[PDB]
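Read through the structure below, which is laid out as structure tokens, and then see the notes.
The values are calculated or read from the model by the stated rules, or taken from the named source; no laboratory instrument gave them. As a convention, Cβ positions derive from the backbone with ideal geometry for all residues, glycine included, and neighbour counts pool all protein chains shown.
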Amino acid sequence: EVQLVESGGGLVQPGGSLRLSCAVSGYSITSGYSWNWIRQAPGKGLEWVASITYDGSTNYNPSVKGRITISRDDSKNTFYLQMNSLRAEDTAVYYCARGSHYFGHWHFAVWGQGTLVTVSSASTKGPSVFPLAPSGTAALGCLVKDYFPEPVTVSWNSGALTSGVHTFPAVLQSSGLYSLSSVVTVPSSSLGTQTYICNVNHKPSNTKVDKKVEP
Amino acid sequence: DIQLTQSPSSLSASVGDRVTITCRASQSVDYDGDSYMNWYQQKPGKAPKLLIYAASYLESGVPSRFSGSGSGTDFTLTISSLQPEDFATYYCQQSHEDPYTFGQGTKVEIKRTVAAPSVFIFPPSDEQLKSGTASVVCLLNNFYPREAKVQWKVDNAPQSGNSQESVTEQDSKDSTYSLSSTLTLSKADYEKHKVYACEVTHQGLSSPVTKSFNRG
């Protein structure tokens, strides 16, 4: 199957530059009718920003034109987005997507997983992780407090525990830092017989924490 | 540019019911016997998925309960029988001309029966208290509908301005929501009081539920 894997997202200064990459596998980049970048600001809709067709012709949304460049490297089966003079309005999840040879071309059947670009002068900060200790069904969890930028990921018992897990959307605190929590409900009887560890990863700050949550 | 307006902006429908979403374009998207309107489904944390292209064609691998109709400026996406996994935002998108533009989106959730939350309260950890801050967390688990009221009380005194809430997406396993409320205090403030309580009001509760603890 075709897979689009994006990379290059991160935190960048206002006025700075970003370069995103989309590595295509299971498919030859030279066979696509067009390759595209489409972005989604937090909580908002979708905005197409750039395209390159099989014959190398490029096209850009005037909303960004003048500070955006799309290109291809056929030998690495990869295409790229370069953006400069970045503004806060450029903070978004950036998706890559393939267009079609048929039915007007400019609908998108295949998408990458998305990569977040945050335009800000605020510093990277890793979270602290605190247990939410359990008091028929008990609840326990982990509080992941004061980090920047997004995202953090949380798993339980290295992915072995998924039933009853709820990981909450991060909330932006007045301080400008994020916090979120992850909780799980389990049988009260299991609290003696079972280990509960929350695995937290904040890749932007190199912060990896495994926190054992006990009564 | 071609502007696209979807209706409604959000909807709640009972499981299995028919759902209709419309898109109106500011110019015709017709070209040579086709209409270049497309529809996508976007689930939380995921990329959009193409459902319908050229107004009425079902994208390979998409369930047949999704269908599209319309022409010129007026288009409809129909889900013939809404399933629990169909919680998502749905987008229309014209491909007649660059810039290819998307509608603003229509959020869809499943209207299940009322379910009261299970409520849990968590004190700050001792580890956190070493840092000079205390977070108290109230969890409302697996409830419907999404609207709920959480009130913090410290030594019976009602709190305002010092808590924040977060809500999950609808869980397709049982069409419920969960919610957290976090009360934040300085350590010195936390140590000045004894009784910490969160009081919960919800359609499924005939009277409010309070969960509390005494510091110590």
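Has the stretch A:160-172 got at least one residue that is more than 10 Å from chain B (Cβ to nearest Cβ), buried (at least 23 other Cβ atoms within 10 Å of the Cβ) and either closer than 27 Å to B:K43 by Cα or over 21 Å from the mean Cα position of the chain (by Cα) (or both)? The answer is no; no qualifying residue exists. I'd like to check something: does the stretch A:7-19 contain any residue that is part of a loop (DSSP other than H, G, I, E, B), closer than 30 Å to A:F148 by Cα and of a type in the set (K, R)? No, there is no match, as no residue in the stretch A:7-19 is part of a loop (DSSP other than H, G, I, E, B), closer than 30 Å to A:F148 by Cα and of a type in the set (K, R).
Taken over the stretch B:200-211, the residue count meeting the criterion of being within 23 Å of the chain's Cα centre (by Cα) and closer than 14 Å to B:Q151 by Cα is 3. Scanning the stretch B:37-49 for residues that are in contact with a strand residue (DSSP E or B) (Cβ under 7 Å, 6 or more places away or on another chain) and surrounded by fewer than 24 Cβ atoms within 10 Å (Cβ to Cβ), we see that the one that is nearest to A:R39 (Cα to Cα) is B:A47. Residues considered: B:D98, B:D17, B:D86. Of these, the only one that is under 25 Å from A:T115 (Cα atoms) and more than 14 Å from every other protein chain (Cβ to nearest Cβ) is B:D86. Going by the structure shown, is B:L77 hydrophobic (A, V, I, L, M, F, W, C), surrounded by 22 or more Cβ atoms within 10 Å (Cβ to Cβ) and in the same structural domain as B:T184 (by CATH)? For B:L77, the condition - hydrophobic (A, V, I, L, M, F, W, C), surrounded by 22 or more Cβ atoms within 10 Å (Cβ to Cβ) and in the same structural domain as B:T184 (by CATH) - is not met. Filtering the stretch B:177-208 to residues that are out of contact with any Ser or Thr (no Cβ under 8 Å at 6 or more places or on another chain) and either part of a strand (DSSP E or B) or crowded, with 21+ Cβ neighbours inside 10 Å (or both) leaves B:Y190, B:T201, B:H202. May I ask you to list the residues in the stretch A:169-185 that are in a strand (DSSP E or B) and among the aliphatic types (A, V, I, L, M)? Answer for the stretch A:169-185, where residues must be in a strand (DSSP E or B) and among the aliphatic types (A, V, I, L, M): A:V171, A:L172, A:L180, A:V183, A:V184.
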